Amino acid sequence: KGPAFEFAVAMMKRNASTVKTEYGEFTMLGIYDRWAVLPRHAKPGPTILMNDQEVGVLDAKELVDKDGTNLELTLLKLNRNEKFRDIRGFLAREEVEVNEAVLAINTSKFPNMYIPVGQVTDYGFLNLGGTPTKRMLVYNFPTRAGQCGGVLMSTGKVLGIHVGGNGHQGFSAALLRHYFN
């Protein structure tokens, strides 16, 4: 479990922020240039609060697959000068399964917390919040509101973004490299 945690802490420090939209408070991972990712249910408007600062949103893309099925991710392009360190090389081209993963959260409710969530399985199809959804990764741990946008990692890999769950079951949207240019 140790190297996953070492990787996770360094990744959050360099690429993560805390974001508020009108729909809640989230962990947000910057990906490259001015592109970042949120859960689709964050519903970012024309501005967001990023580390307590108003930042304009230049574009937002709610991702669906080639038949229009929800992936529960929104990509957003921010109006800011600082560029994210490019982490596209840490994103797989297809869903990753691992024996040990770490879920990293940074919000006002969960300030820099890391959770060893155990094994991650490619669950696939889920009806999530009433919406047919694909590319779900599942893991078993005691889930909580406020963990969405949390970053699911293993050693040297960013696997996905936490988007949902119930009870002791959590789900991430797989974060695939082709979603980005």
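Residue indices: 1-based, along the sequence shown.
When the mean C-alpha temperature factors of 123-131 and 22-30 are read from the deposited coordinates, 123-131 comes out higher. Taking the PDB entry as given, 45-53 carries the higher mean Cα B factor of the two stretches 45-53 and 132-140. When the C-alpha B-factors of 38, 60, 153, 115 are read from the PDB record, the largest value belongs to 60. If you compare the C-alpha temperature factors of 163, 159, 16, 9 in the entry, 9 comes out highest. Sort the modelled residues of the chain by CA B factor and residue 98 lands in the highest third.
In this PDB entry, the Cα temperature factor of residue 74 sits in the bottom third of its chain's modelled residues, the lowest group.
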